[PDB]
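Here we start with a single chain on its own, the form deposited in one PDB entry, put down as structure tokens.
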């Protein structure tokens, strides 16, 4: 463990990558998908864990005890995750998992195993406004010891803006995933929409996944996957991980679960600078993020 903890990011295909995840990349590259695999793809801290539980519920017809068959890391493995000696890798877990497999990933489009495009796999891409992500990712690096130490918020926001963070730039991640939406079966969702109206957003996932679930099951999914519920659910709140991987005393994994929390952290000067870069990166795209609800 001493060799992966708090280490510098390594570049893999031009992307800064968590040191623990950066070895044997050949295995990821060559991963074999099944045509009924369902990918949930997000930039980090964008609501992956939230929507993994929603999807597991949908696929289990809202049966909560089925959703309690294991920890989230077993039900919905992160494809690119490795912590050898400490944990089954994501791909090792996935090769033991029954179809249809839910696969979580934060990979950029050009790093996703091509098998997933080739098997025409259904994908849910979820995105969250860049300001809330930077704040959530900052606190994440406080508690997750696989990450480099983030420094001060001021130092961290500058790395985030220039893409000097694990998985690289949020702008490029979001823009390149959005572009793929035209030639693949990808449902593109916003975190803020899920926060404001989970029923209508969950219905989009239900239709995308070719399921019909009645209003009682839907209400149960909404209730089971609410922040207050999930935060106390020990199968999903990440307290099952070794303290050497995640120390929740520094920041809880389930932290605030809100839109607009970034305003508690951004100075007005940081905000002006951030808005200027954002307009440069995003004005020409059809993406329309909300930074509060």
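Residue numbers count along the first chain shown, from 1.
The stretch 22 to 30 shows the higher mean C-alpha B-factor when 22 to 30 is compared against 60 to 68 in the entry.
The deposited model assigns a higher average Cα B-factor to 173 to 181 than to the other stretch when 173 to 181 and 160 to 168 are compared. Ranking 209, 202, 124, 142 by the C-alpha B-factor listed in the PDB entry places 209 at the top. The entry assigns its greatest Cα B factor, within the set 75, 87, 131, 106, to 87.
Residue 241 sits in the lowest third of its chain by CA B factor, as recorded in the PDB entry. Placement of the Cα temperature factor of residue 233 within the chain: middle third of the modelled residues, per the deposited record. For residue 44, the recorded CA temperature factor ranks within the lowest third of the chain's modelled residues. Ranked by Cα temperature factor within the chain, residue 260 sits in the lowest third according to the deposited record. Annotation for residue 149: C-alpha temperature factor in the highest third relative to the rest of the modelled chain, per the entry.
Below, we refer to the form deposited with a small molecule bound, which is not included among the displayed structures.
Put simply, residue 44 is close to the small molecule in the entry with it bound: some heavy atom of it is within 4.5 Å. Contact between residue 146 and the small molecule in the entry with it bound is found at the 4.5 Å heavy atom cutoff.
Taking non-hydrogen atoms only, residue 111 never approaches the small molecule to within 4.5 angstroms in the entry with it bound. Though the partner is left out of this view, residue 121 does not reach within 4.5 Å of the small molecule in the entry with it bound, counting heavy atoms only. Exactly one of the stretches 91 to 99, 113 to 121, 161 to 169, 198 to 206 approaches the small molecule in the entry with it bound with heavy atoms within 4.5 Å, and it is 161 to 169. Taking the partner from elsewhere, every residue among 87, 137 and 246 has a non-hydrogen atom within 4.5 angstroms of the small molecule in the entry with it bound.
With the partner removed from view, the residue among 78, 107, 127, 157 that has a non-hydrogen atom within 4.5 Å of the small molecule in the entry with it bound turns out to be 78.
The single contact residue among 38, 241, 28, 235, judged by any heavy atom lying within 4.5 Å of the small molecule in the entry with it bound, is 241.
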